[PDB]
Structures are given as structure tokens and as C-alpha cells.
């Protein structure tokens, strides 16, 4: 009786309701996405030349933070022990001009900047920049550079507003204005919080009387954005596979206690 309802797909992002689960599982899904789902990211940079205005260390950080396409069809991204495969992203540039992510040349076409338009560093005339940047699989829990995106989640709820509440009409109007479902009866309006609702200060006094927010048990609204390493739906799939792999391996380790 677990169900997903996909509500909205937007650039690099998705909003869905998951039902028939619970708070620990919702917490675990969010954490797994942020902390465990792996990506390729620049991890080490060998500079050969840098005549730019910036430190090696600053350029290396900017390279680390470029989202790299991560080929989930090639590498097992739910693996507990990640493939140590290293990709070389190289640059050999001379000013004048801006160096962009798109100027990086990859040893492996499957792993390169998802966005070619990210400015890295401007070079003046005569200034050279030459390096080999080494990208590897890693996890957000190790360094932010490997985190695949961002996760926002909330209880699915119904906000009940009694028509005894003066100007309840403003709350129906606000909900409609922001695309929240509203059901209207003789007694009340009911607002489904597929997004956060911001109760105007005017109505705070009515909380606990005329206005009540009721959680829908077992249902949660997730909003997920990818940085571009992975499609947002694949991020979710990988996270769920990771929980299967972890639990399976833990059972195997438990059996060794028996012995």
C-alpha cells in the first residue's frame, strides 16, 4: 500500500507525494539522497601552470564544485564499495578570456561538466592555465562536492478553516493563488498542503479553534532538485537501492556473529 503520486516536474526537479510509509523511512530516504547517493566530482588537481589572478586552491575548489555527469548505466551507484575509476578533466588555456566549465576536456565523454557555461577564472593576456583534474566517485557525507542535489520534505496535511473564522475567504483565495487544493463545504474550507502554507498573522489567534492542521498519516511531500550529475528520478531510485544493499550486507555481517 505504498504509493507515489508525481505532482509536478520542473527544471532539474520534481515534487511527489509518497504515501504508506512513515517518518523514519521518510527521514532515511532524504538522508540517503543527501549523504549516500554517489556522484563523480573533481577530487584532486595537478596544476602545471597557473598565471591567473587566483590561487591554485581556489581554482581547485571551483573545479570540485562543477556538477559532473555521472553515468548510472556504467557504474553501480548503489554499490557499498564504489568503483575507484578516475577520470581526467584537462585544461590548457591562455588568456585573454574567461575559462568556462565547457573548456574542460575529459578523458571519458560520459563524465564531464553537465553545464558547459560555468565561469571558472578569467585570464588576462599572456596568462596561462594548465592542469589535470582527477574526478572520482564519492558521497555527500564525505564532502559537499559529491552531494547530488537538495531535498525538501514535509508532512502532507489538511488545514481546516471553519467558516466561523472571519475572512476565511482570504485563506481560500491565498491557497488558490499558490496552487494548493481547496475543498469547500458549508462548514469549512480544507487546504491540502502540497506546499508550505504561510498563515497570515491576522489568523494566528484562530489556531486551535477555528483553524486546525491535520497530518495525513503516512504521507509525505518531497521536493527534490538535482545539481545535474544525475536525473532527479534516478537519484531517488539509487537511494532506495542503497537502503536495500546496506540492509542486505548488514544481515550478512550479523550471520558471522553466530558464527
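Residue numbers count along the first chain shown, from 1.
The stretch 199 to 207 shows the higher mean C-alpha B-factor when 31 to 39 is compared against 199 to 207 in the entry. As listed in the deposited structure, the average C-alpha B-factor of 152 to 160 and of 78 to 86 is greater for 78 to 86. Of all the options 123, 182, 174, 111, the entry's greatest CA B-factor is assigned to 123. Of the candidates 192, 69, 226, 52, the PDB record gives 52 the highest C-alpha temperature factor. Among all modelled residues in this chain, the alpha-carbon of residue 106 has a temperature factor (C-alpha) in the middle third. Ranked by C-alpha B-factor against the other modelled residues of its chain, residue 216 falls in the middle third. The PDB entry assigns residue 232 a C-alpha temperature factor belonging to the middle third of its chain's modelled residues.
When the modelled residues of the chain are ordered by their C-alpha B factor, residue 146 lands in the lowest third. Annotation for residue 64: C-alpha temperature factor in the lowest third relative to the rest of the modelled chain, per the entry.
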